[PDB]
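Just so you know, the protein sequences line up as chains A and B, in that order.
The first sequence maps to residues 600 to 1029 in the UniProt record's numbering.
The second sequence maps to residues 600 to 1155 in the UniProt record's numbering.
What follows is a set of notes on a single structure, which appears directly below.
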Amino acid sequence: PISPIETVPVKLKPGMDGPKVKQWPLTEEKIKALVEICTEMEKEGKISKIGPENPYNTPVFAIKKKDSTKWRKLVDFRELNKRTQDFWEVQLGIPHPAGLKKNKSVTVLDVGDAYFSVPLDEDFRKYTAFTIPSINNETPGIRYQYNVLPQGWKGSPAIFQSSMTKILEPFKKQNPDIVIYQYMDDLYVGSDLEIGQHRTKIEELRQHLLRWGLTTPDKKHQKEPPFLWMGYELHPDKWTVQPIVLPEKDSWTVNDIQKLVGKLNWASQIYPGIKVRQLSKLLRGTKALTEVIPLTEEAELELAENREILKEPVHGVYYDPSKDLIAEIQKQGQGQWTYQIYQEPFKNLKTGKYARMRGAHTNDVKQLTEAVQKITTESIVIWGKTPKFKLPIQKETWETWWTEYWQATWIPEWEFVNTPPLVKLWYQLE
Amino acid sequence: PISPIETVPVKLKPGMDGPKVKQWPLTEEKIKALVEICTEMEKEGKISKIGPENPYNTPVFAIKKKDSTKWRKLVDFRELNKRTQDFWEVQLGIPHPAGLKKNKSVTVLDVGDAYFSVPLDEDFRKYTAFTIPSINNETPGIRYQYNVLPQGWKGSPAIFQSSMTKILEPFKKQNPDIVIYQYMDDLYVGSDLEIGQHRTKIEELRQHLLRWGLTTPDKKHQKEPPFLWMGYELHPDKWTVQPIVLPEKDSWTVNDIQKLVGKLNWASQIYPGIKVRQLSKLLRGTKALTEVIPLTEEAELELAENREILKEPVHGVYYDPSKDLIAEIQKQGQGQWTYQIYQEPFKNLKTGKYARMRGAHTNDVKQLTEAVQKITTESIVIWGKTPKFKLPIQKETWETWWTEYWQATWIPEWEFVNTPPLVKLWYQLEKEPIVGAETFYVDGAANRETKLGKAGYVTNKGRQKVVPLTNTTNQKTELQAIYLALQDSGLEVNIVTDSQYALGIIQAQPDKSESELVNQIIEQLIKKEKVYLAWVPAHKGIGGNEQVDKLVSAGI
Ligand SMILES: COc1ccc2c(c1)N(C(=O)OC(C)C)[C@@H](CSC)C(=S)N2
């Protein structure tokens, strides 16, 4: 059904033409799946095949977001966002409720399908062009352009903002002590009431939503060992830590002292004014390694006083919204990895430790991808912005396997680290 | 004959206007030869004389090829191409013969001048305008304008393909099984029907096309069964590139080596083992195509080694999905590795090579995995599938590696295989400090300007030593110091460094580097029983560091 509803004119920043992005080659199953999807969406009037007159493009992918049964077509709108929305980050930008982070418990749920009923500006549709890749270039690429609002796109929820707000009010009214943020096809809901009360409160919103429109928060189900049931349930009541942790026992031999000093010297670049000198003095004598040398007098002053500056970090806690967040993860012990988000080096806004149970699927890539995904949500909730990721993985590698374990609707910007840092410790930061 | 098919809408790059080039006349026999074609091209409707209105010019070249019998012209729309909007990428890559299916009969149709049958958008025609003055320029109104897709123009290919895609659709469905492919002026049709049932269908396609407006004057299959598609030699069950000949000179240039490296690179597809390692290593100098680069004995021993291979024909088999895919890789040394992908053993599907260039000294394993990747990648690009890996690596050496390395990876389904060039980690730097072993506090440095360095050490039991070095770098010194430390030590040793850089390379565990020093160090590492490496800061560091550098400094 072609809706006679009026659309909002989408014009980007001049001096910036549409995305002409290369479509990554996909697996056979993945292609057929996209074809399936699109063919039905084409009937539905949502998308439309175009001609050569449309030179623009966007990457498409195939995900298994639900619980890994059906395929979700994921669109890499990263460029278009840049290309339009960074000027629609102001024009009709959704503001961030700075306490959502201070909140006790939050939940995330797909609200992507919502935008599908609503139509997309005629003179702009061209920019949504994507291509389904033919295997081995056998046949010409399959080209469609969106006619309605795009899922991945950041401009979509911006337009639907008006509609969404309205469709929220009844719940918002009867339920005041609940925050609701809309970053993309996801709605973040926060509460200070406990689990039981909260889940029933979520089901309420789900019901409410579903009542007030075919806006369908996709089905609740279980998975991992201690069985879950509905939505991605975060808990920012504990979103802070000090992963530093110095050796509370191993400070007896020369090497232990030697190694110690170096980490401390790196810490100097972050926490200013760390006294290492008095401690590094009882080393100078070129003494043998493994020699159990007991710690001196003035040397102990350099530890205990700077071991408490490690448990109380304050300086430029500031966050520049004019600048972007940069999160870099580094591979640590088998199951664990460690992330660090900063906007200007050493000035670390958030520092955490990820760790998936070593046994379930001891896969290297899964782990990272999983990390990034989480690391990202952590950002939105706290800042409403996706970080550029400095990835310790081969470009080509990632570009192959990421889409495999990608259960998210969004895709953050990324980069790849081709350099080994001394930064990796027993418990490391940046 | 003009095709009725719907023409796509074309505009000029925003705020731009079309070409206006009132060309310099030529009263030559060429000017008559022009109208000979035109006032016979308009008869076929390809072009049309337009009125003295606004239509602005585009230069006509009345030329003809070396005695081509049929004097044919051509308008060069160089400036028009500049003005016209952007279209979709036509040459989005070509299909690779490596992943095609076995076809009983294949046909190829000539779609040249079919561009000339497909029509051009009406609100655009005016831009392809051109005039041509004859005798005494007193008859300028010989102004024509294109109605179809102009040869050489920008839209021409992207539109044509689209129109053809459009056109073939009803036909592709009245008989789904038969597949068609198209590119430029070629039409590679193919199916598994008996020759007669097959050859009839072709004439059917031909009439269909001819029913729109396109033409195939070639009575049947005119292109000989062996095909030269993009150089490749195509036959019903095998593929290669028959013309694969590279001449032997004696005093060649960069210009000529580039073509060599390229023709050799081309051959890497089916011909197994081709190495362009030393062959390209030399081109690295600042480009000037006309500069002669004298060959090395290595570069000589590589070409002839390749010539050996390239002298004899070897073909490639086709893809059959029903069968699983498998790829095998093996090391050739000096960074060179080679792969082959097959289904039926020794039924070579395709081959290729990887080499870690420029970025020197790296682990053998990282290479193997970097290799797998290219393959993994290239497989999806072709078969949309990832292959089974047959590779010379002990499962335990891999386990330990990813469990050791910093960067993340994932090698899919793989299995072991034996071949003398086996990949393994020869040594491992000790995790914890060795107890009984001597502690070599080490330091190295150089006067960057003078290039004269001094490398050396000091030990827990005052075993000092400092050795001079000239025409070396500050880093070369840093490594020299370790090698030294290794030499003068026993079987197990503990070595400490001031340079973070120094540390890296050793931890990286490379092998067979062209760097003479690194090899020496490697060998020492392999010879050793245990080696604990430690790192402490360069300047403000003590632990002996507050003496080892005061020991290796002299000059400025
Ligand atoms: C001797 O020529 C061939 C032998 C085997 C194949 C082809 C040609 N193929 C093709 O696209 O033509 C060119 C671009 C290679 C198609 C059948 S033609 C549709 C396939 S699936 N295998």
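All residues carry an ideal CB built from backbone N, CA and C; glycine is no exception.
Cβ-Cβ distances below 7 Å link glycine 711/A to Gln750, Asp784 and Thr1008 in the same chain, with the five nearest sequence neighbours on each side left out; the list follows chain order. Of the candidates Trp828/A, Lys987/A, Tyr941/A and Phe945/A, the residue whose Cα lies closest to the Cα of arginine 798/A is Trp828/A. Against chain B, the CB of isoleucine 662/A has no partner CB under 8 Å away; the residue lies outside that interface. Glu1122/B is the residue among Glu1122/B, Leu748/B and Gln1106/B whose C-alpha sits nearest the C-alpha of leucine 1085/B. The criterion of a C-beta distance shorter than 8 Å is not satisfied by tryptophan 752/B and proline 651/A.
At least one C-beta of chain B is nearer than 8 Å to the C-beta of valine 964/A. Distance from the C-beta of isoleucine 779/B to the nearest heavy atom of ligand 1 is below 7 Å. Bounds of any beta strand (DSSP E) do not take in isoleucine 636/A; it lies within the alpha helix (DSSP H) bounded by 627-642. Listed by position along chain A, the residues whose Cβ is nearer than 8 Å to that of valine 1034/B are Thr889. Among the residues of chain A, those whose CB is under 8 Å from the CB of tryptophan 1009/B are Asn962, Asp963, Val964, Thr996 and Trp1000, following chain order. Taking 8 Å as the CB threshold, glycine 650/A lines the interface with chain B. Using a Cβ-Cβ cut-off of 8 Å, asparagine 1046/B does not count as an interface residue toward chain A, since no Cβ of chain A sits closer than that to its own. For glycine 1143/B, the closest Cβ of chain A is nearer than 8 Å. Residue environment analysis places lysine 648/A among the exposed positions, since fewer than 16 neighbouring C-beta atoms fall within 10 angstroms of its C-beta. Annotation for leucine 699/B indicates a beta carbon within 7 Å of some heavy atom of ligand 1. Considering only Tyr1056/B, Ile940/B, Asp836/B and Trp1001/B, the residue with the shortest C-alpha distance to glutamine 933/A is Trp1001/B. Within a 10 Å sphere around the beta-carbon of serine 716/B sit 16 or more other beta-carbons, which makes this residue buried. Where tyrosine 1100/B is concerned, the enclosing alpha helix (DSSP H) starts and stops at 1099-1106. Closest option to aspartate 923/A, judged by alpha-carbon separation, among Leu767/A, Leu948/A and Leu900/A: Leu948/A.
Taking a contact to require three or more Cβ pairs closer than 8 Å, the region 842-852 of chain B and the region 721-734 of chain B do not qualify as touching. For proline 871/B, the closest C-alpha among the options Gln857/B, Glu907/B and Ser761/B is that of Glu907/B. DSSP, reduced to helix, strand and coil, places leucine 833/B within a strand of the structure shown.
Note: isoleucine 925/A is bridge-paired with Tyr941/A and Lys987/A in the DSSP secondary-structure output.
Counting only runs of at least 4 residues, the region 844-881 of chain B fully encloses the following alpha helix (DSSP H) elements, listed from N- to C-terminal order: 853-866 and 876-880.
Taking 7 Å as the Cβ-Cβ cut-off, the region 602-617 of chain B approaches chain A at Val607, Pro608 and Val609, given in chain order.
At a cut-off of 8 Å, the C-beta of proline 739/A has a neighbouring C-beta in chain B. A contact between stretches requires three or more CB pairs, one per stretch, nearer than 8 Å, and the region 759-767 of chain B meets this requirement with the region 600-617 of chain B. Setting aside the 5 residues that flank it on each side, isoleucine 869/A is surrounded in the same chain by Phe945, each with a C-beta closer than 6 Å to its C-beta; the list follows chain order. Within the same chain, and ignoring the five residues on either side of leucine 625/A in sequence, the residues whose Cβ sits closer than 6 Å to its Cβ are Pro732. Apart from sequence neighbours up to five positions away, the residues of its chain that approach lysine 880/A with a beta-carbon distance below 7 Å are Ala898, ordered along the chain. Separation of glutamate 904/A and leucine 679/A (C-alpha to C-alpha, rounded to the nearest whole angstrom) is 51 Å.
When rounded, the separation of the alpha-carbon atoms in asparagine 1017/A and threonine 968/B is 15 Å. Against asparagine 736/A, the close residues of chain B are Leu691, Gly692, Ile693 and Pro694, in the order they occur along the chain (beta-carbon pairs closer than 7 Å). Within chain B, the C-beta atoms nearer than 8 Å to that of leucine 967/A come from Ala1007, in chain order. In this structure, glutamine 684/A keeps its C-beta atom at 8 Å or more from the C-beta atom of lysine 772/A. Secondary structure note for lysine 1064/B: its beta strand (DSSP E) is the uninterrupted segment 1064-1068.
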